[PDB]
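In this chain, residues are counted from 1 in sequence order. Atoms considered below: every heavy atom in the structure, side chains included; atoms not considered: hydrogens, waters and symmetry mates. All ligand and atom numbering here is 1-based and tracks the order in the structure.
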Amino acid sequence: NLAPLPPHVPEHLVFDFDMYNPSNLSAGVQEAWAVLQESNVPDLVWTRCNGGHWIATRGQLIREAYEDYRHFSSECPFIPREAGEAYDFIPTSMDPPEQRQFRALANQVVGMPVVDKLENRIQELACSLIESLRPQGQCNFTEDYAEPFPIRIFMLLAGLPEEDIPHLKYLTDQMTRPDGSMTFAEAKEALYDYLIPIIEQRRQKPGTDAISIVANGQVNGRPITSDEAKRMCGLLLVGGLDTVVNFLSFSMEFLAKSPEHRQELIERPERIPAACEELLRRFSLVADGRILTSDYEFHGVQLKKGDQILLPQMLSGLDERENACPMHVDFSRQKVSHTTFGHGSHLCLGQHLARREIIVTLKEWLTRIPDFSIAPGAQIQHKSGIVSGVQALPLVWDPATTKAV
Ligand code: HEM
């Protein structure tokens, strides 16, 4: 279902990519998107899928568009338009200078000092989950670790019940990897129905949890309103449930196929941090965009006011003009260039949390289960969207090679 080409779009600029169902998904998600960077594709294309939008395909362009909030506005950051329209998360749906106050608050909750404080729990849960899997010789990494690990840590931080997971997760998924089961507005609404009561409760009887801090926070000298906290929390929620979760599966699928990368990390542990960055580059997974605030000519292409453009954070570090041999994982690169956690005034506040969770998982997994692989005859399937994922990841290992700690 391609939408009629608008009048201002040169036919030569057309490239019908479907961000929800790219063509060589079988090959891997990062690989399917990378088709955008082939010599035959102009740097800035127009796709007729999902109602029609621009896509920047190169690091240089994505970064410029990200810096440029005057022209490229966060008001409508999701594609399709209905989604972008219904999107009202804070701070993500705001441009500077407005964004800055809400960002300051979100930081109080997810920032550096919070991670430092939660560090021992993170390590505690990782080790527990792994040790529990270890003797089994087999898991579903996605359902067995990648989901529980990050989510339980978040539920804790947010002071929310683990029983709510199933429900919240379904709604979060609907927003990034739409299923057809519900529209974006419906999904946002159900999440909002959830939060409202909880925020109410915490405005009256404050805790020390994330939600309590948000609901009682100060923005621009005055007190945050209720709709405002609702909208911040809604974002924290998607960040908590949907990001780290997917990333670990990409990375673990990779480790499962690369004995030499595993070994490298085992003998030369000082490399984990470097390795983590390299995986964040190669297994980048978020794609959102911006809306034109006006007609603007960008790299000789005429953008019209109201046009949405997808600026795939995922594409930046996959760009050969940025990283030599991009599809190849090399823990010893002189420079790992990516925009995995975004660029401009919107940089991930939760990046520090995300990194700690990754680094712990690698260290702790490898310590106990040094040798593992993909289950024989399992076909790993990727999923595309705003946040890309792995459907399921069946692993196998010989318990005799594991190490209890
Ligand atoms: C692998 C992990 C993650 C990735 C790749 C990721 C990626 C990103 C991206 C690309 C953006 C910018 C979006 C835009 O410019 O439209 C963003 C923003 C945001 N992320 Fe994440 N994220 C991750 C984990 C987290 C976590 C764990 C949290 C918190 C629980 C979180 C919270 C946020 C917040 C609060 C913002 C908005 C910041 C602002 O507007 O200033 N993310 N993230």
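Of the protein's heavy atoms, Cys348 SG, 3.6 Å lies nearest to atom 6 (C) of ligand 1. Here the heavy atom of the protein found nearest to atom 28 (C) of ligand 1 is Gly350 CA, 3.7 Å. The nearest heavy-atom contact from the protein to atom 41 (O) of ligand 1 is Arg103 NH1, 2.3 Å. Atom 16 (O) of ligand 1 has its closest protein heavy atom at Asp288 OD2, 2.6 Å. Ranking protein heavy atoms by distance to atom 12 (C) of ligand 1, first place goes to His346 O, 3.6 Å.
Taking 4.0 Å as the cut-off, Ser345 counts as a neighbour of ligand 1 on heavy-atom distance. Residue contacts with ligand 1 do not include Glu357, since none of its heavy atoms lies under 4.0 Å from the ligand. In this structure, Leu347 has a heavy atom closer than 4.0 Å to ligand 1. Using a 4.0 angstrom heavy-atom cutoff, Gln99 counts as in contact with ligand 1.
No salt bridge links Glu297 with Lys304; every basic N to acidic carboxylate O contact stays at or beyond 4.0 Å. Electrostatic pairing of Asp227 and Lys230 counts as a salt bridge here, judged by a charged N lying under 4.0 Å from a carboxylate O. Taking the charged nitrogens against the carboxylate oxygens, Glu31 and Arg282 do have a contact shorter than 4.0 Å, which makes a salt bridge. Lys403 has no carboxylate O lying under 4.0 Å from a charged side-chain N of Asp371, or vice versa, which leaves the two without a salt bridge.
At a 4.0 Å heavy-atom cut-off, ligand 1 does not touch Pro77 at all.
Comparing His352, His343, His338, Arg290 against atom 15 (O) of ligand 1, the shortest heavy-atom distance belongs to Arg290.
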Evaluation steps, side-chain hydrogen bond (donor to acceptor under 3.5 Å, both in side chains), between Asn246 and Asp242: CA-CA 7 Å; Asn246 295 297; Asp242 207 45; 2.9 Å; yes

Steps toward salt bridge (charged side-chain N to carboxylate O under 4.0 Å, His left out) verdict (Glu364, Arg368): CA-CA 6 Å; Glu364 297 317 327; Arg368 307 165 184 65; 2.7 Å; yes

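Tested against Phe141 for a ring-ring contact (aromatic ring centres under 6.0 Å, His included), the candidates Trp365, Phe149, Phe372 yield a single pass: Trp365.
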